[PDB]
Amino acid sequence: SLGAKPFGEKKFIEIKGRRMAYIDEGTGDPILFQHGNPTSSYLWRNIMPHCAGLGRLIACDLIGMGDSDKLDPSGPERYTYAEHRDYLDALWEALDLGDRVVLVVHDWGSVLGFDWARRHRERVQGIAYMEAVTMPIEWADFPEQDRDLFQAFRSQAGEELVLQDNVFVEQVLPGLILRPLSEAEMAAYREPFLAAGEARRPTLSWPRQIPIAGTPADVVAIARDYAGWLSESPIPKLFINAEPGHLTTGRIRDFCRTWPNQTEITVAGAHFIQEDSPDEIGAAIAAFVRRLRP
């Protein structure tokens, strides 16, 4: 069902001298859910219950997001993809995930998850993905209605938009969810970002890292690498397409539809489709895992 209540109990662990928060419920091989910008583990709260008893259900809060510690001192050079990866790699190592992991990914969680999977392919039993960065992109591949705003994020205007005015949390997030969010839902999303200034840096650093038209070169290379790999990998995949969808449409979707050993379903949603179709998404992931774990 829907609902504003989080799933399970938030746990904390020290990673690289910072405390990171995560959900870890049940036993067995992990089903690892990774949020992106500007969300947290909370994104998966109505999806994870569908996988009850099918494995160890894990959802991590990226550094500086959800209940995880802020980097200090924060600034324009902090919260790059590379920095997030250092923390997330270390957290996933610390969690003792084993060698039959099912990844469930979204948004920046997909760049992180696809990259981790490429680097740990022997340990990946299946990949479920939705509204994901399937490859490096060109401006023509980016949703037309958001081009100007994301171009602004990736300019000097970004600090005022995001650090001062919290535009990613307050405008982009509800703007890309079809159903109206409740007071409690928005409260949970805005909580890590209540204070103006550097507390909001992760939500600006992320749009500045999207691999678009060759920049930033490091993230472009990472996405190019996992794009080539996923197009050839026989690891089972679940592609949760969305209607109308948002990011994973056009050429981005044309590409991921070439990936081998892939099941696809379509659900209602724009970008943050977890808020529109959690039961359909959860049911599909559960069925995927059951087939992977007979």
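Throughout, we count residues from 1 along the sequence that is shown.
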| query | finding |
| --- | --- |
| Residue stretch of maximal mean CA temperature factor, 98 to 106 vs 134 to 142 | 134 to 142 |
| Stretch with the higher entry mean CA B-factor, where the candidates are 266 to 274 and 7 to 15 | 7 to 15 |
| Selection by C-alpha B-factor (highest) of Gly36, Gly64, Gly26, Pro236 | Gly26 |
| Options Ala128, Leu204, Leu173, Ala184 - largest CA temperature factor per the record | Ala184 |
| B-factor third for the C-alpha atom of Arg56 within its chain | middle |
| Within-chain third of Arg119 by Cα B-factor, per the entry | middle |
| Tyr79, C-alpha B-factor rank within chain (lowest, middle or highest third) | highest |
| Assigned third (lowest, middle, highest) for the C-alpha B factor of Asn166 | lowest |
| Ranked C-alpha temperature factor of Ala90 among modelled chain residues, by third | middle |
